[PDB]
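S.K.: Before I ask anything, here is the structure I am working with.
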Amino acid sequence: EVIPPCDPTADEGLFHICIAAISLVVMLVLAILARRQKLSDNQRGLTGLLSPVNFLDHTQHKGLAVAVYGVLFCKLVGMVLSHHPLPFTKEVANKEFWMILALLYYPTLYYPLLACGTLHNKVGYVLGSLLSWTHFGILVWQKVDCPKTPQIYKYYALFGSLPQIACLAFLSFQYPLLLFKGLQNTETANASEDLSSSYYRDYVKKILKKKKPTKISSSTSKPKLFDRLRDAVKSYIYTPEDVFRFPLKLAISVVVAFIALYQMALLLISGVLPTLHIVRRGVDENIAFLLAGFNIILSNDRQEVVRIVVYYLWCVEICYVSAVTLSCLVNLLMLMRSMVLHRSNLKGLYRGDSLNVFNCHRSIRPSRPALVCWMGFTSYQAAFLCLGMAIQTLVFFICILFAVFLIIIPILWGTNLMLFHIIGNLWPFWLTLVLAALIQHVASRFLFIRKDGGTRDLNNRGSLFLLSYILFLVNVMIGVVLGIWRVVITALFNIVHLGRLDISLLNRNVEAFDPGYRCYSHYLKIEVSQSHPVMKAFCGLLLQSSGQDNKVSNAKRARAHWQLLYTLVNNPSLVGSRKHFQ
Amino acid sequence: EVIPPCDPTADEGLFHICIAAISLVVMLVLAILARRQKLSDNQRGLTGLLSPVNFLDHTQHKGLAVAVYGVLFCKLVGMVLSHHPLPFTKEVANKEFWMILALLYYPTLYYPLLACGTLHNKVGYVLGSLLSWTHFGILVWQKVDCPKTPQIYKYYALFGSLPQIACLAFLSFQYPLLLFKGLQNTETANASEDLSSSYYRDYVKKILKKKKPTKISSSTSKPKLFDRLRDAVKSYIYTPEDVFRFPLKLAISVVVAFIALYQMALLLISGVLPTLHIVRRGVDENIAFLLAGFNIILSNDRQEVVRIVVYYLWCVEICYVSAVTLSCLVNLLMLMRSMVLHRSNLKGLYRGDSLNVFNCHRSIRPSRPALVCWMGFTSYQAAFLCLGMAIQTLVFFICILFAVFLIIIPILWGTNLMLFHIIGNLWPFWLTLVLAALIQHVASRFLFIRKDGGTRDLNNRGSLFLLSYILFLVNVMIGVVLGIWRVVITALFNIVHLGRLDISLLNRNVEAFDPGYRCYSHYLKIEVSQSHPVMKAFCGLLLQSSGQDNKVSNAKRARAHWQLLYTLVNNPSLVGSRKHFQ
Amino acid sequence: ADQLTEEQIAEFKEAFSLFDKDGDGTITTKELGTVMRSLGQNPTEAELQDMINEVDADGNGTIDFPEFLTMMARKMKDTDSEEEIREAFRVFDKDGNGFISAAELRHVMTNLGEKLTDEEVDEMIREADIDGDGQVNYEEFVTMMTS
Amino acid sequence: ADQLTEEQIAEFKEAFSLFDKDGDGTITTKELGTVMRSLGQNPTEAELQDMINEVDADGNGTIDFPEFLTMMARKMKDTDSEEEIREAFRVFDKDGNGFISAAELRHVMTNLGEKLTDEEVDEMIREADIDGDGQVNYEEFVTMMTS
Ligand SMILES: CC(C)CCC[C@@H](C)[C@H]1CC[C@H]2[C@@H]3CC=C4C[C@@H](O)CC[C@]4(C)[C@H]3CC[C@]12C
Ligand SMILES: CC(C)CCC[C@@H](C)[C@H]1CC[C@H]2[C@@H]3CC=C4C[C@@H](O)CC[C@]4(C)[C@H]3CC[C@]12C
Ligand SMILES: [Ca+2]
Ligand SMILES: [Ca+2]
Ligand SMILES: [Ca+2]
Ligand SMILES: [Ca+2]
Ligand SMILES: [Ca+2]
Ligand SMILES: [Ca+2]
Ligand SMILES: [Ca+2]
Ligand SMILES: [Ca+2]
């Protein structure tokens, strides 16, 4: 009902031209410095441009990369809603084709932001800060004026840009903050990615020292239903004190999922309630009378029908709000749960142990299609969550109206009693499914099963073969109640765990065809074959001792020959695997 | 449109009185003979009545028990359809309560049929044959007159009783056939259930002799797409030459499932096509014109609308026939597949091996709720299949109209083109999901992955971290196509394998809450703890040698001491488990 | 009684477990008489004390697992694997002369416990003296494995 | 360098496998120089030939898995487990006198191969002779495990 003209939008067509002129310069400046520093693998193996931040480091600071992907995802959200958004200076060429290259446009535009972190010098952060000042400057100035927008909702683009604002603010408090750390000569250090931190050393230290905390304590005891409120804490515990740091590609995928949860929860609320209050206002009771009289019965008092139809459109709005707040809470509970399970999956794949040994009994081998699944694991995580919030809300919406219109209202008020004329006409029938299932459990523990010496339980036969024959046609009617439970409990479990990748929804025997669990294993297999935290700590002792260091070395060898013996005495089974492998 | 009066039905109220007078006598005759034979566990441990045929024998002849359960299931099918069927001489007492004790009535009525097989004498088969003559006599005579019945269909009760007729005919060719075998003095033998057949002896023989066929042959080679028509034969092969016989309770459950498949396939066809031909005849084109003119557009030629609406009600009948013949074929394919997998699950549980060791690593212990799942496993198998044919047909019906009304008709005729105005308006869009997924597979195998000596493949880094960043927003749009595939492939797999018990539909980590797989493991656990085919062959050497058999026995001991040595020489690891367990 | 794989021993390990509910690894009389009752028969307690005596060779009244293995190993075997008894001779004879002394016998019991008294060892060889010599033939060990 | 469980050795078995692509169980120079290149650095080939020489004690130019284990076992250990070196003394000393001879030393190499020549065995004990005696103290074995 309001339309703002915008001097920012009239300049946004030139801010498309301005910023893309800035981003093209800084990329080619970094092409000059790479021909002035004799860099490692960080150069492009096809042209020579810089790589962005190294993904196969576990000790690298992950504030920049989580920030930039958190911005690049939000521009995808706004791009779907606005139909037009980039016709601006290029040809359309069958306009739906022009809604494609914008997928390749935003990562090109934000590319010099990540590119500064790979150098750690006075050049990078000065160029890095001013760009993060600029994008934070343009967005905030666009939203101070014109908050009300006629696209979707009266406040939508303001609330739609709340992650994208605050995530650029993290770039503004990091590039000057890390430039200020250059006073301590943190720019004379180099891009050695195996820089022996305390993390790599303490992780090997945790393996060998472990024998002294291996001595266990006692066990505690908690009573009923508070341990049940404590075993749920045991699934909450993502915390525990550990020398363990995530991969970079996995750490991005949790936050980018968390932004995607925020965007679907806003799109569902602010797309439905506008078309509900309008009906709640514009009731047209004179017209809804003829809408009633053409199909159904007035049933009394056409004035009171205003009280009637409103008293149901309360409950449609109450249901659809409760459906989103249920579905948003569950996926919030799952990504927290998906955080602790990435920890235990990844330590168990260090050992080659018997946890994920359904495929870890085979060879670690970085094949071709293992690598494509790694290229773009973060996108799969945030894509399966947006479909999660769609289906879960569409299901729970129909699962609460079935409760509200059938058991909640009649216990509250008592208008319609449709189920209690069904269950009230089967009240002797469901007794016999109980009593026969009662007589099978009761007669088993007290007559057939005979606990004996050693608590070993045998059976009093003969009479049992009869009882499993009298109850034959009864147990078919129990077999229908378990039949609908198998269908239900598979439905709930397929939707709750629908937005997770670490878990396969199919059978044990056919896990490899579920495409979600397929791309997660091939991620986690190539992550351990490249950056294992023991061989990356091992080269630290061979590098930082080499750069900082006869019969005298034979005395070192005389210690070395004894330390070979001191290991083999306390480790017997290695002696065969020494002599067969010497 | 026809109504038969029935002199059988007017006598069926007395045939209810007649047969129940016969069945009560023969049960109490067997109570007298059990006080004249000093029987084993076959007596009731609460009253003293006979047990029916022993279920925990693997060598007992399974023609009787499969026949009687095949009759007892069919009476359940007819009992649901007729609302009234037993008001006849007893009180109604809230009539829906009177539709309950009939579940306990038919196994009481057919009880002396199974009870004859547990004696093997001249008394049993003479009494057994005449009863099987009688029930076969009454049913056939009821169906010679009055085939046409106004209940459901013109031929329904004739086609509805085709298993129940022919399964009593097996009782008529078994009780006189086994009575005729009593000429060879097969009634002087006893009810020793461990009767050492060739089965128990050859099964132990297959274990020890196995070392001489353990020498393997070569391997064959077959080209493409005929091996694909041969690996499907490898799932068909239920055949192979083996000394292996099913449990009795498992062997019943396949046939009773096969009858239940026949009954749902008849109820769906003969309940829907009557209400379809009537509309195909009684079209009322003058009335359907006003049915058309009140909602939609005539669009031409109200005479030709007769050709129009008929040309769609061809396809509704063609779809619903094809949906049943698809769903009947799949469950036919699954129970054949469920037959071979019961073989391999059960041999692998003899070993305690590493196949079903998700629970076989724990203790074999016949607990209380393990026994209830065994009591009535056959009912669960035939209950989950009737729900299988319901849902599978309801789903496939909606999955073919989506094909027939959208791709089949327009390629055939070309009236409506609803999808090819959707896909025709995205023809450049889906190219880029291909080309980016093309460029990830192509550039990986030819630039990054470097096969080296020893076929060990490493990667040319640096350039790859860039490519997994340019393609970030593209891979979200690939992540939606895999998102709907995860939802689809879980749906198909949940319906195809819905009528199986040997397979858990939930995750690996939560199999134990699926109630179908729960009752199958607790079956198969108590089946091996009672009748293992090695300890049941072991007591055969201790029984049939005891009833048919100093320094001379010390010479037998001098052979026995040497045979202890001959085993321990060729089996080294048992020596510790001999001396620690002597 | 020959060499077996892990699986072929794993089943006999399993079926042995269905007798001894103790987990101790041995079968008493009452640990046996319940199973015979479960398959129908009611044997005489004096007969069951005789029925263990065929299986038990150590005479301790209880049945070990290799005592359980040899009972099923005797009577369901093939006729002969002539090389494997010839393969057995390389352990029972250090000499290679084919003649197994009582001193060459006690070398094997030295490897495997030497559980029995030497008089009972002397009573073993008195069976194998149909050769007319008092010395174990190549065939004496063979006929003991056949019957 | 102390006693470990199966899991604690299983990881070092795994990280060793990421070097030797042969599966042979040993690391050459070119089997090493590819991994150092993969983490960025370009070492001198003469330096890499020196870098193996710290690890390899047998002097065959190649690295064994217990040769790989001791490198990580030295420098990330705790200060001392005083009982376990005292637990080690029961194998290195039959006498219980605490004094480890060259004859008591070669008993252990007899158990574990006796891979080295006796002159090189003689060059071992010449390190432990700061006691002023030519005899291994209780503490001589201790200081060799610390540094
Ligand atoms: C509870 C259900 C059966 C009620 C039906 C809901 C409606 C919306 C239909 C339409 C599409 C259907 C969904 C599509 C496919 C799946 C994925 C499967 O892994 C779980 C069931 C689930 C999620 C279906 C449930 C039922 C469904 C959601
Ligand atoms: C293919 C589907 C989604 C189309 C929807 C079909 C209609 C009939 C709805 C109504 C009830 C729904 C079914 C009920 C529950 C289940 C069990 C689940 O383990 C697989 C999906 C399945 C079988 C649903 C599929 C969709 C469904 C069949
Ligand atoms: Ca015992
Ligand atoms: Ca014994
Ligand atoms: Ca000799
Ligand atoms: Ca002789
Ligand atoms: Ca090698
Ligand atoms: Ca070496
Ligand atoms: Ca000494
Ligand atoms: Ca000294």
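Chain identifiers are assigned as A, B, and so on, following the order in which chains appear in the structure tokens; residues are numbered from 1 within each chain, and ligands are numbered from 1 in order of appearance.
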Could you work out which residues of chain B fall inside 8 Å of chain D? Count only C-alpha atoms, and format the result as a ChimeraX atom specification.
M.R.: /B:454,456,461
S.K.: Please dump the current selection as an mmCIF file, in the first residue's frame; keep N, CA and C atoms.
M.R.:
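Saved result, again_26.cif, follows:
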data_model
loop_
_atom_site.group_PDB
_atom_site.id
_atom_site.type_symbol
_atom_site.label_atom_id
_atom_site.label_comp_id
_atom_site.auth_asym_id
_atom_site.auth_seq_id
_atom_site.Cartn_x
_atom_site.Cartn_y
_atom_site.Cartn_z
ATOM 1 N N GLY B 454 52.226 -47.714 -8.067
ATOM 2 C CA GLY B 454 51.416 -48.480 -7.144
ATOM 3 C C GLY B 454 49.942 -48.175 -7.215
ATOM 4 N N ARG B 456 48.487 -45.564 -6.575
ATOM 5 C CA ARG B 456 48.117 -44.749 -5.433
ATOM 6 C C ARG B 456 47.968 -43.317 -5.901
ATOM 7 N N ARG B 461 46.828 -29.863 -5.387
ATOM 8 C CA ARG B 461 46.022 -29.043 -4.493
ATOM 9 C C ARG B 461 45.923 -27.609 -5.006
#
S.K.: Within 10 Å of ligand 8, counting only C-alpha atoms and all ligand atoms, which protein or nucleic acid residues do you find, written as a PDB file with N, CA, C and O atoms, in the first residue's frame?
M.R.:
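As a result, result38.pdb now contains:
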ATOM      1  N   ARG A 578      57.727 -56.286  13.584  1.00  0.00           N
ATOM      2  CA  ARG A 578      58.992 -55.624  13.289  1.00  0.00           C
ATOM      3  C   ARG A 578      59.853 -56.473  12.365  1.00  0.00           C
ATOM      4  O   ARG A 578      60.331 -55.990  11.333  1.00  0.00           O
ATOM      5  N   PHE A 581      58.572 -56.980   8.984  1.00  0.00           N
ATOM      6  CA  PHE A 581      58.531 -55.701   8.288  1.00  0.00           C
ATOM      7  C   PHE A 581      59.823 -54.908   8.444  1.00  0.00           C
ATOM      8  O   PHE A 581      59.811 -53.687   8.281  1.00  0.00           O
ATOM      9  N   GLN A 582      60.933 -55.568   8.763  1.00  0.00           N
ATOM     10  CA  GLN A 582      62.232 -54.896   8.775  1.00  0.00           C
ATOM     11  C   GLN A 582      62.875 -54.977   7.392  1.00  0.00           C
ATOM     12  O   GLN A 582      62.187 -55.106   6.377  1.00  0.00           O
TER      13      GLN A 582
ATOM     14  N   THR D  26      57.317 -49.992   4.931  1.00  0.00           N
ATOM     15  CA  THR D  26      58.491 -49.174   5.160  1.00  0.00           C
ATOM     16  C   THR D  26      58.463 -47.957   4.247  1.00  0.00           C
ATOM     17  O   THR D  26      57.805 -47.958   3.203  1.00  0.00           O
ATOM     18  N   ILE D  27      59.178 -46.913   4.664  1.00  0.00           N
ATOM     19  CA  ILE D  27      59.159 -45.617   3.999  1.00  0.00           C
ATOM     20  C   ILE D  27      60.524 -45.366   3.383  1.00  0.00           C
ATOM     21  O   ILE D  27      61.541 -45.399   4.084  1.00  0.00           O
ATOM     22  N   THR D  28      60.547 -45.102   2.087  1.00  0.00           N
ATOM     23  CA  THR D  28      61.774 -44.721   1.411  1.00  0.00           C
ATOM     24  C   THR D  28      61.893 -43.202   1.423  1.00  0.00           C
ATOM     25  O   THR D  28      61.171 -42.505   2.136  1.00  0.00           O
ATOM     26  N   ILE D  52      65.696 -38.646   7.310  1.00  0.00           N
ATOM     27  CA  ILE D  52      65.423 -40.043   7.608  1.00  0.00           C
ATOM     28  C   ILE D  52      66.424 -40.558   8.631  1.00  0.00           C
ATOM     29  O   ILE D  52      66.072 -41.357   9.510  1.00  0.00           O
ATOM     30  N   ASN D  53      67.658 -40.046   8.587  1.00  0.00           N
ATOM     31  CA  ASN D  53      68.748 -40.568   9.401  1.00  0.00           C
ATOM     32  C   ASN D  53      68.553 -40.334  10.889  1.00  0.00           C
ATOM     33  O   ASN D  53      69.171 -41.034  11.696  1.00  0.00           O
ATOM     34  N   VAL D  55      65.508 -40.751  12.214  1.00  0.00           N
ATOM     35  CA  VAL D  55      64.512 -41.753  12.563  1.00  0.00           C
ATOM     36  C   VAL D  55      65.101 -43.150  12.472  1.00  0.00           C
ATOM     37  O   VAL D  55      64.951 -43.960  13.393  1.00  0.00           O
ATOM     38  N   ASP D  56      65.788 -43.449  11.374  1.00  0.00           N
ATOM     39  CA  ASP D  56      66.255 -44.806  11.120  1.00  0.00           C
ATOM     40  C   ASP D  56      67.451 -45.116  12.007  1.00  0.00           C
ATOM     41  O   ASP D  56      68.483 -44.444  11.925  1.00  0.00           O
ATOM     42  N   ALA D  57      67.312 -46.128  12.857  1.00  0.00           N
ATOM     43  CA  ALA D  57      68.400 -46.555  13.724  1.00  0.00           C
ATOM     44  C   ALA D  57      69.124 -47.783  13.202  1.00  0.00           C
ATOM     45  O   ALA D  57      70.300 -47.980  13.518  1.00  0.00           O
ATOM     46  N   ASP D  58      68.449 -48.607  12.406  1.00  0.00           N
ATOM     47  CA  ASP D  58      69.089 -49.753  11.782  1.00  0.00           C
ATOM     48  C   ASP D  58      70.050 -49.363  10.672  1.00  0.00           C
ATOM     49  O   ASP D  58      70.863 -50.195  10.261  1.00  0.00           O
ATOM     50  N   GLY D  59      69.965 -48.138  10.168  1.00  0.00           N
ATOM     51  CA  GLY D  59      70.875 -47.694   9.139  1.00  0.00           C
ATOM     52  C   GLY D  59      70.642 -48.295   7.776  1.00  0.00           C
ATOM     53  O   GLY D  59      71.507 -48.164   6.906  1.00  0.00           O
ATOM     54  N   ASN D  60      69.504 -48.944   7.549  1.00  0.00           N
ATOM     55  CA  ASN D  60      69.212 -49.459   6.220  1.00  0.00           C
ATOM     56  C   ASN D  60      68.589 -48.415   5.304  1.00  0.00           C
ATOM     57  O   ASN D  60      68.148 -48.761   4.203  1.00  0.00           O
ATOM     58  N   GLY D  61      68.539 -47.155   5.731  1.00  0.00           N
ATOM     59  CA  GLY D  61      68.001 -46.086   4.919  1.00  0.00           C
ATOM     60  C   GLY D  61      66.493 -46.036   4.835  1.00  0.00           C
ATOM     61  O   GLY D  61      65.956 -45.156   4.154  1.00  0.00           O
ATOM     62  N   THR D  62      65.792 -46.954   5.485  1.00  0.00           N
ATOM     63  CA  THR D  62      64.347 -47.033   5.414  1.00  0.00           C
ATOM     64  C   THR D  62      63.776 -47.080   6.824  1.00  0.00           C
ATOM     65  O   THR D  62      64.459 -47.480   7.768  1.00  0.00           O
ATOM     66  N   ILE D  63      62.517 -46.667   6.962  1.00  0.00           N
ATOM     67  CA  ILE D  63      61.890 -46.476   8.266  1.00  0.00           C
ATOM     68  C   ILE D  63      60.883 -47.587   8.509  1.00  0.00           C
ATOM     69  O   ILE D  63      59.947 -47.771   7.726  1.00  0.00           O
ATOM     70  N   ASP D  64      61.063 -48.308   9.611  1.00  0.00           N
ATOM     71  CA  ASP D  64      60.145 -49.345  10.044  1.00  0.00           C
ATOM     72  C   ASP D  64      59.037 -48.728  10.888  1.00  0.00           C
ATOM     73  O   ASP D  64      59.121 -47.576  11.311  1.00  0.00           O
ATOM     74  N   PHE D  65      57.985 -49.502  11.134  1.00  0.00           N
ATOM     75  CA  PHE D  65      56.915 -49.004  11.989  1.00  0.00           C
ATOM     76  C   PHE D  65      57.306 -48.840  13.463  1.00  0.00           C
ATOM     77  O   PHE D  65      56.916 -47.826  14.053  1.00  0.00           O
ATOM     78  N   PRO D  66      58.036 -49.755  14.125  1.00  0.00           N
ATOM     79  CA  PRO D  66      58.523 -49.398  15.464  1.00  0.00           C
ATOM     80  C   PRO D  66      59.598 -48.339  15.437  1.00  0.00           C
ATOM     81  O   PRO D  66      59.792 -47.657  16.447  1.00  0.00           O
ATOM     82  N   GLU D  67      60.305 -48.178  14.317  1.00  0.00           N
ATOM     83  CA  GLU D  67      61.139 -46.997  14.145  1.00  0.00           C
ATOM     84  C   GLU D  67      60.287 -45.739  14.058  1.00  0.00           C
ATOM     85  O   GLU D  67      60.703 -44.676  14.528  1.00  0.00           O
ATOM     86  N   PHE D  68      59.089 -45.845  13.479  1.00  0.00           N
ATOM     87  CA  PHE D  68      58.163 -44.718  13.451  1.00  0.00           C
ATOM     88  C   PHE D  68      57.537 -44.468  14.811  1.00  0.00           C
ATOM     89  O   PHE D  68      57.220 -43.322  15.141  1.00  0.00           O
TER      90      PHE D  68
END
S.K.: Quick one: residues within 9 Å of stretch 127-132 of chain B, only C-alpha atoms, excluding same-chain residues fewer than 3 positions away - as a ChimeraX atom specification?
M.R.: /B:22-23,26,112-117,122-124,135-137,168-169,171-176,179
S.K.: Write a file of the selected residues as a short mmCIF file (atom, residue, chain, number, x, y, z; two decimals), in the first residue's frame, keeping N, CA and C atoms.
M.R.:
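The result, written out as part-v5.cif:
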data_model
loop_
_atom_site.label_atom_id
_atom_site.label_comp_id
_atom_site.auth_asym_id
_atom_site.auth_seq_id
_atom_site.Cartn_x
_atom_site.Cartn_y
_atom_site.Cartn_z
N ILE B 22 -19.99 -83.08 16.95
CA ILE B 22 -18.98 -84.05 16.56
C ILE B 22 -17.63 -83.68 17.14
N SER B 23 -17.29 -82.39 17.11
CA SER B 23 -15.96 -81.96 17.52
C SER B 23 -15.77 -82.06 19.02
N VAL B 26 -14.76 -86.03 19.87
CA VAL B 26 -13.44 -86.52 19.46
C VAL B 26 -12.35 -85.93 20.34
N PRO B 112 -9.84 -81.09 16.46
CA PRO B 112 -9.54 -82.52 16.32
C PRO B 112 -8.88 -82.91 15.01
N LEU B 113 -8.86 -82.03 14.00
CA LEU B 113 -8.17 -82.36 12.77
C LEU B 113 -6.67 -82.44 12.98
N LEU B 114 -6.09 -81.43 13.63
CA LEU B 114 -4.67 -81.49 13.93
C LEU B 114 -4.35 -82.50 15.02
N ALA B 115 -5.31 -82.79 15.89
CA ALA B 115 -5.02 -83.61 17.06
C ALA B 115 -4.79 -85.07 16.70
N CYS B 116 -5.23 -85.52 15.52
CA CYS B 116 -5.06 -86.92 15.16
C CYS B 116 -3.61 -87.26 14.85
N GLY B 117 -2.85 -86.30 14.34
CA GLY B 117 -1.50 -86.59 13.88
C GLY B 117 -0.51 -86.87 14.98
N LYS B 122 -4.33 -96.73 14.60
CA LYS B 122 -5.56 -97.02 13.86
C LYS B 122 -6.71 -96.15 14.35
N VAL B 123 -6.65 -95.69 15.59
CA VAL B 123 -7.72 -94.86 16.13
C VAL B 123 -7.72 -93.49 15.47
N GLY B 124 -6.53 -92.93 15.24
CA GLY B 124 -6.43 -91.52 14.89
C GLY B 124 -6.87 -91.22 13.48
N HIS B 135 -16.19 -82.08 6.44
CA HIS B 135 -16.05 -80.66 6.13
C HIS B 135 -15.85 -80.43 4.64
N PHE B 136 -15.17 -81.35 3.96
CA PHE B 136 -15.10 -81.27 2.51
C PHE B 136 -16.45 -81.59 1.88
N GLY B 137 -17.27 -82.39 2.56
CA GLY B 137 -18.57 -82.73 2.01
C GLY B 137 -19.56 -81.59 2.12
N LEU B 168 -8.90 -78.35 2.05
CA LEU B 168 -9.50 -79.52 2.69
C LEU B 168 -9.31 -80.77 1.86
N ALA B 169 -9.14 -80.60 0.54
CA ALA B 169 -8.88 -81.75 -0.31
C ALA B 169 -7.51 -82.35 -0.03
N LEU B 171 -6.41 -82.56 3.04
CA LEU B 171 -6.68 -83.39 4.20
C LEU B 171 -7.32 -84.71 3.81
N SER B 172 -8.08 -84.72 2.71
CA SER B 172 -8.71 -85.94 2.26
C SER B 172 -7.75 -86.88 1.56
N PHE B 173 -6.61 -86.38 1.07
CA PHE B 173 -5.61 -87.24 0.46
C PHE B 173 -4.40 -87.45 1.35
N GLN B 174 -4.53 -87.17 2.64
CA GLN B 174 -3.42 -87.39 3.56
C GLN B 174 -3.78 -88.33 4.70
N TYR B 175 -4.91 -88.12 5.35
CA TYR B 175 -5.31 -89.02 6.43
C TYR B 175 -5.64 -90.44 5.95
N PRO B 176 -6.33 -90.67 4.82
CA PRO B 176 -6.39 -92.05 4.34
C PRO B 176 -5.08 -92.53 3.75
N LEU B 179 -3.10 -93.51 6.72
CA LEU B 179 -3.67 -94.72 7.30
C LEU B 179 -3.26 -95.95 6.52
#
S.K.: Give the residue list for ligand 2 at 6 Å, counting only C-alpha atoms and all ligand atoms, as JSON, numbers by chain, sorted by chain and then by residue number.
M.R.: {"A": [487, 490, 491], "B": [394, 395, 491, 494, 495]}
S.K.: Can I get the selected residues back with N, CA and C atoms, as a CSV table (one decimal), in the first residue's frame?
M.R.:
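Okay, this is what ended up in out.csv:
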chain,number,residue,atom,x,y,z
A,487,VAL,N,4.0,-48.4,10.3
A,487,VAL,CA,3.9,-47.4,9.3
A,487,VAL,C,4.1,-46.0,9.9
A,490,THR,N,7.9,-45.2,11.3
A,490,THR,CA,8.8,-45.0,10.2
A,490,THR,C,8.6,-43.6,9.6
A,491,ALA,N,7.4,-43.1,9.7
A,491,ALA,CA,7.0,-41.8,9.2
A,491,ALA,C,7.6,-40.7,10.1
B,394,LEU,N,-2.8,-48.3,-3.2
B,394,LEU,CA,-3.2,-47.0,-3.1
B,394,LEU,C,-2.2,-46.0,-3.5
B,395,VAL,N,-0.9,-46.4,-3.4
B,395,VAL,CA,0.2,-45.5,-3.8
B,395,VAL,C,0.4,-45.6,-5.3
B,491,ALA,N,10.7,-43.5,0.2
B,491,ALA,CA,9.3,-43.8,0.0
B,491,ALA,C,9.1,-45.1,-0.7
B,494,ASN,N,10.2,-48.0,1.4
B,494,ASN,CA,9.4,-48.3,2.6
B,494,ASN,C,8.1,-49.0,2.2
B,495,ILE,N,7.7,-48.9,1.0
B,495,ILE,CA,6.4,-49.6,0.6
B,495,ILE,C,6.7,-51.0,-0.1
S.K.: Identify, with DSSP run on backbone atoms, the residues in stretch 182-415 of chain A assigned to alpha helix (DSSP H), and express the list as JSON, numbers by chain.
M.R.: {"A": [198, 199, 200, 201, 202, 203, 204, 205, 206, 207, 208, 209, 228, 229, 230, 231, 232, 233, 234, 235, 236, 248, 249, 250, 251, 252, 253, 254, 255, 256, 257, 258, 259, 260, 261, 262, 263, 264, 265, 266, 267, 268, 269, 270, 271, 272, 274, 275, 276, 277, 278, 279, 280, 281, 285, 286, 287, 288, 289, 290, 291, 292, 293, 305, 306, 307, 308, 309, 310, 311, 312, 313, 314, 315, 316, 317, 318, 319, 320, 321, 322, 323, 324, 325, 326, 327, 328, 329, 330, 331, 332, 333, 334, 335, 336, 337, 338, 339, 340, 341, 342, 343, 344, 345, 346, 347, 348, 349, 350, 351, 357, 358, 359, 360, 368, 369, 370, 371, 372, 373, 374, 378, 379, 380, 381, 382, 383, 384, 385, 386, 387, 388, 389, 390, 391, 392, 393, 394, 395, 396, 397, 398, 399, 400, 401, 402, 403, 409, 410, 411, 412]}
S.K.: Which of these residues is nearest to chain A, using only C-alpha atoms: B:415, B:570, B:529, B:444?
M.R.: B:444
S.K.: Dump the neighbourhood of ligand 10 as a ChimeraX atom specification: all residues within 12 Å, distances computed on only C-alpha atoms and all ligand atoms.
M.R.: /D:98-101,124-141,143
S.K.: I'd like the neighbourhood of residue C:3 as an MDAnalysis selection string, where a residue qualifies if any of its atoms comes within 9 Å (using only C-alpha atoms), though same-chain residues fewer than 6 positions away should be ignored.
M.R.: (chainID B and resid 211 567 569:571) or (chainID C and resid 84)
S.K.: Please identify all residues of chain A having at least one atom at most 6 Å from any atom of chain B, considering only C-alpha atoms, and return them as an MDAnalysis selection string.
M.R.: chainID A and resid 41:42 44:45 51 103 107 368 375 379:380 383:384 445 462:463 466 468 473 475:476 479 483 505 507:508
S.K.: Can you tell me, as a list in words, what residues are no more than 10 Å from residue D:11 when counting only C-alpha atoms, ignoring any on the same chain fewer than 2 positions away?
M.R.: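 Contacts, in chain order: residues 207, 347, 348, 349, 350, 351, 352, 353, 532 and 534 of chain A; 6, 7, 8, 9, 13, 14, 15, 16 and 17 of chain D.
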S.K.: What is the distance between atom CA of residue A:405 and atom CA of residue A:265, in Å to one decimal?
M.R.: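 Here the two named atoms are 25.1 Å from each other.
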